[PDB]
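Residues per chain are reported as follows:
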Amino acid sequence: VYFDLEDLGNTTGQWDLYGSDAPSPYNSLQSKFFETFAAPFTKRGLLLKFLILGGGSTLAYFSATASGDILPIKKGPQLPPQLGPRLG
Amino acid sequence: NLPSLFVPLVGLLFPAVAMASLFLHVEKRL
Amino acid sequence: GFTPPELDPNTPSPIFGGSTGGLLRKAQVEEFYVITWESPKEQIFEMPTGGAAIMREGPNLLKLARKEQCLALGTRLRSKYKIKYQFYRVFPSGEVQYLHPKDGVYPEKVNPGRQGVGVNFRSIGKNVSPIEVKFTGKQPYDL
Amino acid sequence: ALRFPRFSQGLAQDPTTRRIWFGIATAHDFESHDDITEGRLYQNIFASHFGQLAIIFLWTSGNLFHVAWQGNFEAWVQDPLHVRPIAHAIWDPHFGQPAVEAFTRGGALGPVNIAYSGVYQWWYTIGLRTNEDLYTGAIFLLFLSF
Amino acid sequence: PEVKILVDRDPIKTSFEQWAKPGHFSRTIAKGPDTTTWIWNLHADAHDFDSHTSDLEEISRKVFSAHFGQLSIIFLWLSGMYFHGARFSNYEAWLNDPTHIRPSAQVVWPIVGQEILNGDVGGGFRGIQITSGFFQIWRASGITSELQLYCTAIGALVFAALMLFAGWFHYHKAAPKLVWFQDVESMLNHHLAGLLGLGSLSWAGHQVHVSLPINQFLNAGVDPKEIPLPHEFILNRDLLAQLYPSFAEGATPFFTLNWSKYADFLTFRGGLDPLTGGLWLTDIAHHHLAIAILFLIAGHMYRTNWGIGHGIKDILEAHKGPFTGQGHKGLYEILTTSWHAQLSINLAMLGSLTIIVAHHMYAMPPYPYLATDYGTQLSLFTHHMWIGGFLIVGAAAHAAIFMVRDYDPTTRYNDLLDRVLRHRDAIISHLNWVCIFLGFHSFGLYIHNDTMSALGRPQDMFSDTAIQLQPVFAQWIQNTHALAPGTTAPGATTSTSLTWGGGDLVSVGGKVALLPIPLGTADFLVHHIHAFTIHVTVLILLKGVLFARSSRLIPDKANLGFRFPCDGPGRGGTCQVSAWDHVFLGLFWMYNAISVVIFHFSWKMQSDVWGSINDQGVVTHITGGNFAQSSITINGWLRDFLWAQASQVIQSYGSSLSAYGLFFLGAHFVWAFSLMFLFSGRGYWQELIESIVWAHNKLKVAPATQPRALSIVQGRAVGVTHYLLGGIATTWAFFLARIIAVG
Amino acid sequence: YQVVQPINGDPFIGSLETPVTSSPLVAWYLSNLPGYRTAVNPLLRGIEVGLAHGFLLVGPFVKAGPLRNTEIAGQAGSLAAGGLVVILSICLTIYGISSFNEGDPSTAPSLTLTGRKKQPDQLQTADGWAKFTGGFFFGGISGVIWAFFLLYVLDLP
Amino acid sequence: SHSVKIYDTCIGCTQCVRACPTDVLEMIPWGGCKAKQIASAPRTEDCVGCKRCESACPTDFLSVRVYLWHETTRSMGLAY
Ligand code: CLA
Ligand code: CLA
Ligand code: CLA
Ligand code: CLA
Ligand code: CLA
Ligand code: CLA
Ligand code: CLA
Ligand SMILES: CC1=C(C/C=C(\C)CCC[C@H](C)CCC[C@H](C)CCCC(C)C)C(=O)c2ccccc2C1=O
Ligand code: SF4
Ligand code: SF4
Ligand code: SF4
């Protein structure tokens, strides 16, 4: 029946429509590879700190060491400074 | 040199940290 | 004294092909509603959400997403057809709460078992100024 | 209370996005906060006044610092009628080369904004002359903010 | 089932009694006013017939006679245009020297200083230059003298009288029965074969006997007074035969199927006549003939009284499939019951038609000396775009009125409509997404270009010189049209339109008529803007229709009506949930879309098309081909289009164009005036009015008809009406001053 | 015979069944995407997702970026894709921190389409989500690196 | 939830209850008017705040009042 006060998940359509539920198609040794190597990143708070500080310092690095051949803002003006309307 | 440090600091890092933090405080449940 | 009729599952539902207007996750984790009515025949009626459905002869059960949808459809059932309806609130625990008609009497007909709620015994203009309830939790209309 | 905004239980119990919005727009209307008293009202206002003053001092301190560190003040004092004053320097990685060139003016080493607030004329008129004076001002105002 | 003439005698008595009872049609309004709101309702409900009565026959009779009233007004208006052409026009002088004289059909009285608007239009004539196009029509019709225009104005006036009479007659004397109106097969058969077919055939007749020869003498430089009268070509066939020898046969090749011998005056050349810059009149007469045949055939599709032919209900019911259920079953019953349904489809198709007309008349100028008259061409395109857009928003409004008022699944069911209603959330959600995607990937590209250009990075823009977004598909299409003549249209001498085929630039009086229109990144970006704006208009209107009955927010919405302000501040607030408010909101977006379209037209035509040509063939365009490099940026629209081309209208004071300056400023004024209504609400105004009313009672001058602020809905309607009038008239003055000065 | 039916037979659950929604090709393909492998450790599914996406992001950043026409650094514009992997991994992390508490069970459905009881996906847990985020980061950085490793013999480098 | 109140100016015409689209209001017995009934708002947790009741009241001034207050899923009319 489509209405049952005992099972409301069925009654309210709370299903996994495309969930496979099959076992892993990933073979092991590959799995153990990624399980041992991605393990340090599976602590969400620690990962948040590593991303904010790591990405932040990374940004600071590529910003501090940028070359004028990449950014015109580091290259600076290369022309003789022009003259204002009435002033300098 | 210093603007190349502080412009991304307050224009990228600070808004990301503040938005993430405020997001957490705003979504918290006691 | 009035005894609310219990919600009978296995009650048939109207003939309808489905619509995008029906239930959502709200019905799974929060609440939904159920309206039952007795029909003399198979009729076509407008669904408060989709298009057209076929009311079945006999008892009909219809799960809706909001109380207002139950009351709208019921208003129409009582108006266009001449059909008695009831409806209930249903929580995800399976618990059912009978809602309407609360007394077995429609609320526009005065029934003596009814107790006053939110009734203030004064003209509306005699409410006090906000300053007189300031820093107290009260509102001048809560009196 | 139980979540943001902690000063309004009616707003924290809102399940919609409205809860966030109205939490922001009502944060300073102290008289409408839960459990407000007259004493709490006045005290929150008073402290808010100190916070405002701190903001104002910090802001003027920043203006002083930037005029001293990136501006024309010393050069401007010698020729008031032919030096465009400098608000601050422009470090924007989105500039093409033409923007770096065209915004480099006021006799500076890179792109700058010309100040139109008139703080050069004011500080010049009241006796400030060197960037050193401006730094002393800025540190004094940072102190006052603190 | 036997189609026949059906009427009733004297249904309504002709009397002035109800002229004196305002609001006689409504049982509430007829009681007269207690407040000023009455006065507005009387006008808002005047034409809402199916709100006055529920009897379909009475409604149909009102509709029919009302159409007679409309046609009477149209004939009176045409009578005006022809009469002003005869009595207050320089049409003969222009008829001599078209490439110089400016058409003028209105003269103003010298009262208050306004005679300055009578400007030098040529031909020793002072007046207002007209952009309607009547001179090119009259020339294309062979009309020479003012006398002929007089006769046409008199005939038009007579037909105004006849139409008005028939309205009174078929409402008060012989009023058709409801079955008469519902005879849809008879109506379609007579409008396909009788109206369109015999009309097109009649016009082909006039053209082959009047338009073609008289235009031959005009094109040969003959003086119009020396040109034989049009009936002299009907009498002495030697005049025509000298011009068109085929007329010596006596229509024997028509019956003997020797029709190729008529290739003299019936032609498939295509392109433009290089003398007049308009389409070949031989091609046009041939065209009206072919159309006549096609419609005369199409008018026999539907069965009436003789068993042969189609019943439309049969055709509908046979069309159903695995995705749509029983679809089309029930539509014959809906379309023969609901006037609002018919008006919805007809508004949609008639507006879409008007827009198609707008394109085809510029890209294929049908009248002589029309292409080079840039004021008339810009005016025509812009005008018909506006008519089309308005009509389409109307189609949405009446689809909504059908949904609210005439929709009933228990009586007149349709499977297609039910299924649509059954996934309205999917439809509207997907349209929403497409609108967002189009917004970003059309307008966001403009913002990208403005930001790159401001930062000094024009190589990082979206441009023909940077990151090219070529309309490869459209370019391939216009190439295929260019190659069509001789290949996929061997009968066609030249390209279908000079916008396709390379070369063959056409110039008249030193001014260009048409040349191949280039397409590039600028045109790409603009076209996606048009896609975007249209999709958002469709979103607002379609959403209005599909949720007019109900929604998750308001399950009983249809019980609140088609036009209602809201269901209150609850549920978060429910303002503008009515389908009416969706029409209100969609009007603004039709204004936005059509505005960008006509700006695109003016900009592109002045930049890449219109201009003057040298004796040695060097073309100078009105603007310097600056569309490709200046339109790809919003700043370029602000600067090189608006700021530049507004100089004429802001410099028009002291000339005959100063009226366009005045209308420029005044239309700005009414547009800003609309913002008072659109940004506020009637509660404030009603309170203020309470104070003003106090002041009047103090002096014993308070009126009995109590003053009230406008209704919420009326606030919106006033608002959008003045917004649209102000914006549209502003662009009107701008365009007309600009193109009259520099064209 | 009609192609559109109500979802899972229940015509009052708000959806429909179409060739787009319920189709053997569609159902198999969606069931075989990592996000829908409910019994697999979320870390591995995050690895696959990150590998695919991180690999994808390199293209538009390099070809459309500001250094695109300076082939000396234009190729190295993949750092931007790496940074977007960092930002997305932050978004994932704070999504899980905000959405799931330490000891809460999965919020995924524990039923199948046919009504039988199912074991809910651990992706919808705090630990499972943290694992999927770590996997998406690892696989994403790795996919960017792999795409950048190939600069050669491609019609659009 | 929105607050809803009744005032003893009520004449018991029942129109507020008839107008209510969520069944918030009832008619209870009373001795203060001829109709011997007065309105009541025992189910304001279902009140959506549309003020159809207020549009329905013939008393000058109103005898129903809807004071829009703390929002809930039910008061915002959400089906999701
Ligand atoms: C206000 C602060 C701010 C700052 C400092 C920047 C800085 C930059 N922007 Mg951005 N931008 C901003 C605001 C800002 N933007 C806003 C508000 C918008 C929305 C309108 C944009 C939208 C925008 C676009 C569309 C683009 C830029 C681009 C750029 C880069 C152009 C210069 C360049 O080519 O460098 C060098 C170029 C590189 C590709 C080097 C990459 C830099 C590495 C990856 C840094 C590592 C990031 C770090 C690990 C993670 C950061 C998050 C951190 C807080 C954890 C530059 C580094 C361009 C760009 O990034 O190119 C793709 C570009 O496409 N910006
Ligand atoms: C409060 C007024 C004020 C304002 C509006 C600005 C504005 C600006 N500053 Mg400055 N700055 C200020 C005060 C101010 N500053 C003070 C008091 C100091 C210490 C003497 C500095 C030192 C400073 C340096 C070294 C640099 C800038 C730079 C800049 C520019 C880029 C933004 C930036 O890098 O972040 C600003 C960086 C800071 C260190 C500012 C923080 C200083 C105090 C403690 C402010 C308090 C911040 C507090 C945590 C949050 C309060 C919110 C707000 C009210 C301040 C920008 C136009 C950069 C630049 O010139 O680019 C071209 C740059 O390199 N500022
Ligand atoms: C010639 C005399 C005449 C008389 C005395 C009547 C009498 C009557 N008619 Mg009839 N009718 C007439 C002619 C006449 N009609 C004509 C010529 C037509 C064809 C259009 C009709 C078609 C007709 C219909 C369809 C209906 C009536 C109705 C009625 C009755 C309602 C009263 C009324 O019409 O007030 C109306 C008073 C008016 C002044 C109407 C003016 C409308 C004009 C034509 C618009 C002019 C357009 C204007 C120029 C626009 C520019 C505006 C600009 C300046 C801003 C009434 C007894 C109605 C009815 O049966 O009532 C229940 C009904 O529905 N009549
Ligand atoms: C000494 C000056 C002063 C003081 C202390 C107050 C104090 C107060 N006001 Mg008042 N008021 C003032 C001046 C002042 N006001 C002025 C100048 C105006 C005219 C603009 C008003 C008009 C006004 C109204 C209409 C209202 C108040 C309200 C309030 C109370 C609550 C404010 C609140 O919590 O909202 C918090 C404020 C915010 C969250 C600010 C966000 C919105 C701002 C305007 C947007 C900022 C602009 C934009 C971001 C600029 C950046 C653009 C970018 C592109 C660069 C509070 C007691 C409210 C109240 O409680 O009524 C009882 C109320 O409704 N004020
Ligand atoms: C070949 C026959 C024929 C022709 C030419 C027309 C022509 C027209 N009809 Mg009609 N109609 C017909 C038969 C015909 N109808 C049939 C068989 C039915 C079903 C029974 C209908 C029912 C119908 C309805 C319900 C309506 C029309 C309308 C219209 C007008 C539409 C607007 C327009 O195009 O203006 C173009 C203008 C012209 C072409 C000017 C010439 C018009 C002349 C004077 C009329 C010639 C045909 C006429 C029926 C002859 C009868 C006159 C005689 C009885 C005295 C148009 C003039 C609308 C209307 O009435 O508008 C007032 C409308 O509402 N028709
Ligand atoms: C042949 C096409 C056609 C037809 C016959 C109808 C017929 C009808 N419409 Mg529809 N509609 C149309 C096109 C059409 N409309 C278009 C193009 C639009 C888009 C704007 C709409 C949008 C629309 C809406 C939103 C509504 C209708 C409504 C109605 C009904 C009421 C008409 C009425 O009494 O109003 C009376 C007429 C007036 C009060 C005139 C108002 C004056 C206008 C606003 C100003 C005109 C400005 C002027 C041209 C320029 C300035 C001159 C000035 C300075 C003197 C009626 C049956 C209404 C309804 O309730 O349906 C049942 C309704 O709400 N229509
Ligand atoms: C210039 C004014 C303006 C703007 C910007 C919009 C914007 C929009 N309208 Mg609106 N509208 C307006 C006027 C405006 N409207 C007015 C006056 C009315 C009254 C009649 C309406 C009434 C109206 C209705 C009824 C509807 C819309 C809809 C829409 C949306 C269309 C979908 C879309 O294009 O998405 C894309 C967004 C844009 C094109 C805006 C610009 C995007 C910029 C260029 C991108 C920049 C991003 C950048 C990273 C910013 C980050 C910086 C960082 C610091 C945060 C859109 C967001 C429709 C809708 O809901 O959407 C489907 C809808 O139905 N409008
Ligand atoms: C200004 C404004 C008003 C006030 C505007 C009104 C009341 C328009 C009516 C004014 C006219 C002038 C009244 C007509 C007076 C008679 C025609 C008599 C005139 C006497 C002779 C000169 C003819 C609203 O009522 C309103 C309502 C809802 C949203 C916005 C607004 C809004 O913006
Ligand atoms: S503000 Fe006006 S339109 Fe909006 S809900 Fe209130 S009454 Fe309705
Ligand atoms: S505001 Fe609406 S829902 Fe609330 S009591 Fe009044 S009518 Fe009922
Ligand atoms: S509308 Fe007013 S008078 Fe009538 S029952 Fe309700 S509260 Fe009483």
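Conventions adopted
Residues numbered from 1 in each chain as written, not as in the entry; some residues may be left out. Chains lettered and ligands numbered in written order. Part of a larger assembly, values for the part shown. Heavy atoms only, no water. Helix = DSSP H or I, 4+ residues; strand = E, 2+ residues; numbered from the N terminus. Rg over C-alpha atoms; globule rule 2.2 N^0.38 Å. Buried < 20%, exposed > 50% of the residue type's maximum accessible area, 1.4 Å probe, protein only. Areas by Shrake-Rupley, 256 points an atom, 1.4 Å probe, with all protein chains shown as cover. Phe/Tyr/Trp six-rings, centres within 6.5 Å; stacked < 30°, edge-to-face > 60°. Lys NZ or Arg CZ within 6 Å of the ring centre and 35° of its normal. Core = buried A, V, L, I, M, F, W, Y, C linked by side-chain atoms within 4.5 Å. Pairing = 2+ DSSP bridges. Contact = heavy atoms within 4.5 Å. Buried area = accessible area lost by both parts, 1.4 Å probe. Salt bridge = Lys/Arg side-chain N within 4 Å of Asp/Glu carboxyl O. Polar contact = N/O pair within 3.5 Å; in protein donor to acceptor, adjacent residues only side chain to side chain. Nonpolar A, V, L, I, M, F, W, Y, C, P; charged D, E, K, R; others polar. Near = heavy atom within 4 Å. UniProt positions renumbered as here; feature names shortened; annotations may be inferred. Expected span 1.5 Å × (residues − 1). Arc of directions from axis to C-beta.

The record names X-ray crystallography as the way this model was obtained, at a resolution of 2.600 Å.

**Structural notes on the overall build of chain F**
Looking only at helices and strands, chain F has 5 helices and 2 strands in total. For chain F, the sequential pattern of α-helices and β-strands runs β-β-α-α-α-α-α. A compact globule built from 157 residues should have a C-alpha radius of gyration of about 15 Å, whereas chain F, at 20 Å, is more than 25% larger. Referenced to the eigenvectors of the C-alpha coordinate spread, the extents of chain F come out at roughly 60 × 50 × 25 Å. In chain F, buried positions account for 43% of the 157 residues. Just so you have it, chain F exposes about 8,400 Å², and 67% of that area is on carbon and sulfur atoms.

**Considering the packing of aromatic side chains**
All names here are of chain E. In total, this model carries 82 aromatic pairs over all chains according to the counting rule given. Centroid distance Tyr362 to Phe601: 5.3 Å. Interplanar angle 80 degrees. Geometry classified as edge-to-face. Highlighted residues: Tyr362 in helix α15 (residues 339–363) and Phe601 in helix α21 (residues 579–608), separated in sequence by 239 residues. For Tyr362, a relative accessible area of 17% corresponds to the buried category. Judged by its relative accessible area of 7%, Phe601 is buried. One aromatic cluster is present, formed by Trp386, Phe390, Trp580, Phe584, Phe588, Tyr591, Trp671 and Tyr723 through successive ring pairs. The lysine or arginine in question, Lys62, covers the ring of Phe49, its NZ or CZ lying 5.9 Å from the ring centre. The positively charged end of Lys511 is found above the aromatic ring belonging to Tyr374, 5.9 Å away from the centroid.

**A few points about the nonpolar core**
Residues and elements named next belong to chain E. In terms of nonpolar packing, the biggest core is built from 98 residues, with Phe381, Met385, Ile598, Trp610, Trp637 and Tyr660 touching the most fellow members. Looking at this core, the element that brings in the most residues is α21, giving 15 residues. Counting 34 residues, the second-largest nonpolar core is a separate cluster that includes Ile130, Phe135, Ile227 and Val508.

**What about the sheet that holds strand β7 (residues 119–120) of chain C?**
What the 3 strands build is an open sheet, ordered β7(C)-β1(G)-β4(G); its pairing is mixed. Edge strands, defined here as strands with exactly one partner in the open sheet, are β7 of chain C together with β4 (64–67) of chain G. Examined bridge by bridge, β7(C) and strand β1 (residues 3–7) of chain G share 2 bridges and lie parallel to one another. The residue bridging C:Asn120 from the neighbouring strand is G:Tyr7, located in β1(G).

**Quick notes on the pairing of strand β4 (residues 58–64) of chain C**
Looking along a regular strand, one sees side chains alternate from face to face of the sheet. All names here are of chain C. The element β4 is extensively covered by neighbouring structure, given that 6 of its 7 residues are classed as buried. Pairing of strand β1 (residues 32–39) with β4 involves 7 bridges; the strand directions are antiparallel. Note on β4: the bridge partner recorded for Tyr33 is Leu64.

**Side note on the interface of chain A and chain F**
Listed per partner, the contact involves 34 residues of chain A and 47 residues of chain F. Summing both partners gives a buried area of about 3,700 Å² for chain A against chain F, and 71% of it is carried by carbon and sulfur. Considering only the surface of chain A that becomes buried against chain F, A:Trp15, A:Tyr18 and A:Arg44 emerge as the three largest contributors, covering 24% of it. At the junction of chain A and chain F, the tally comes to 1 salt bridge. Here A:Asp16 ties to F:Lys118 by a salt bridge, and the two come within 3.3 Å at their closest N and O atoms. Our count for the contact surface shared by chain A and chain F stands at 9 residue pairs in polar contact. Taken together, the elements giving at least two residues each to the side of chain A that touches chain F come down to α1 (8–11), α2 (30–37) and α3 (44–64) of chain A. Per-element accounting of the side of chain A that touches chain F gives the leading share, 7 residues, to α3(A). Residue classes in the side of chain A that touches chain F are distributed as 18 nonpolar, 11 polar and 5 charged.

**Let's talk about the pattern of salt bridges**
Going through the model one piece at a time under the given rule, you end up with 42 salt bridges over all chains. The partner of E:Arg571 in a salt bridge is C:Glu68, and the shortest N-O contact between them spans 2.7 Å. Linking E:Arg571 in the loop between α20 (521–546) and α21 with C:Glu68 in helix α2 (residues 67–79), this pair reaches from one chain into another. C:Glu68 matches E:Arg571 in its accessibility class, with the two residues each being buried. The network of salt bridges with shared partners includes C:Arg66, C:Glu68, E:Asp556, E:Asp567, E:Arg571 and G:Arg52.

**As for the site of ligand 6**
Residues and elements named next belong to chain E. Close to ligand 6 lie 20 residues; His47, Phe390, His398, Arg563 and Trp580 are nearest. The backbone of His47 places a nitrogen or oxygen atom 2.9 Å from an oxygen atom of ligand 6. In this structure, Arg563 approaches ligand 6 through a side-chain N or O atom, which is 2.6 Å from an oxygen atom. Looking at the shell around ligand 6, the elements with two or more residues in it are α1 (37–44), α15, α16 (374–406) and α21. The biggest single contributor to the shell around ligand 6 is α16, with 7 residues. Looking at side-chain class alone, the shell around ligand 6 contains 12 nonpolar, 5 polar and 3 charged residues.

**A closer look at the arrangement of the chains**
The two units chain D and chain F never meet; even their closest C-alpha atoms stay 9 Å apart. No part of chain A reaches chain G; the closest C-alpha pair between them is 13 Å apart.

**Re the sheet that holds strand β2 (residues 104–106) of chain E**
Residues and elements named next belong to chain E. Taken together, the 3 strands give an open sheet; going across it, the order is β2-β4-β3, and neighbouring strands pair in antiparallel fashion. Two strands bound the open sheet, and with one partner strand each, they are β2 and β3 (119–120). When β3 meets strand β4 (residues 126–129), the two strands line up antiparallel, connected through 2 bridges. Looking at β4, one finds that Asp120 is bridged to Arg126.

**Some remarks on the environment of A:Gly19**
When you line up the elements, A:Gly19 lands in the loop between α1 and α2. What makes A:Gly19 buried here is its relative accessible area of 17%.

**A short note on the UniProt feature "transmembrane region" (unreviewed entry) in chain F**
All names here are of chain F. Under the local residue numbering, the UniProt record ascribes the feature "transmembrane region" (unreviewed entry) to residues 76–97 and 136–154. Secondary structure across residues 76–97 comprises 91% helix and 0% strand; the distance between its end C-alpha atoms is 33 Å. Secondary structure content for residues 136–154 is 74% helix and 0% strand, while the C-alpha to C-alpha distance between its ends is 27 Å.

**Describing the site of ligand 7**
All names here are of chain E. Around ligand 7 sit 14 residues in total, of which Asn432, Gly439, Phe532, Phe588 and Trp589 are the nearest. A distance of 3.3 Å is found between a nitrogen atom of ligand 7 and a side-chain nitrogen or oxygen belonging to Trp589. Within the residue set of the shell around ligand 7, elements represented by two or more residues are α18 (424–454), α20 and α21. A total of 7 residues in the shell around ligand 7 trace back to one element, the largest contributor, which is α18. Here the residues of the shell around ligand 7 are counted per class, giving 12 nonpolar, 2 polar and no charged.

**Overview of the pairing of β4(E)**
All names here are of chain E. When β2 meets β4, the two strands line up antiparallel, connected through 2 bridges. Counted as the bridge partner of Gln106 is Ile128 from β4. In textbook terms, the turn of a hairpin is the stretch between consecutive antiparallel strands, and for β3 and β4 this stretch comprises 5 residues, one of which, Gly122, has a positive phi near 90 degrees.

**Quick look at the UniProt feature "transmembrane region" in chain B**
Per the UniProt record, "transmembrane region" is annotated on residues 6–26 of chain B. When the span residues 6–26 of chain B is considered, its composition is 100% helix and 0% strand, and the gap between its end C-alpha atoms is 27 Å.

**A word on helix α23 (residues 634–645) of chain E**
Residue and element names in this part refer to chain E. Taking 1.5 Å per residue as the helical rise, α23 with its 12 residues ought to reach 16 Å, and the 15 Å between its terminal C-alpha atoms agrees with that figure. Taken together, the buried positions of α23 are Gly636, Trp637, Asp640, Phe641 and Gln645. Buried residues of α23, viewed axially, fall in a sector of 115 degrees; they line one side. Seen from the open side of α23, the exposed residues pointing more than 90 degrees away from its buried face are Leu638 and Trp643. The inward-facing, buried residues of α23 contact α18, α20, α21, α22 (627–630), α24 (647–650) and α27 (712–742).

**Focus on unusual backbone geometry**
Omega for the peptide link from C:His100 to C:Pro101 comes to -5 degrees, which places this bond in the cis form. By the element assignment, C:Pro101 lies in the loop between β6 (96–100) and β7. A cis amide bond, omega 0 degrees, links D:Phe4 with the succeeding residue D:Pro5. Relative to the elements of secondary structure, D:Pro5 occurs in the segment before α1 (9–12). Even without a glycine there, the phi angle at A:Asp21 is positive, about 70 degrees.

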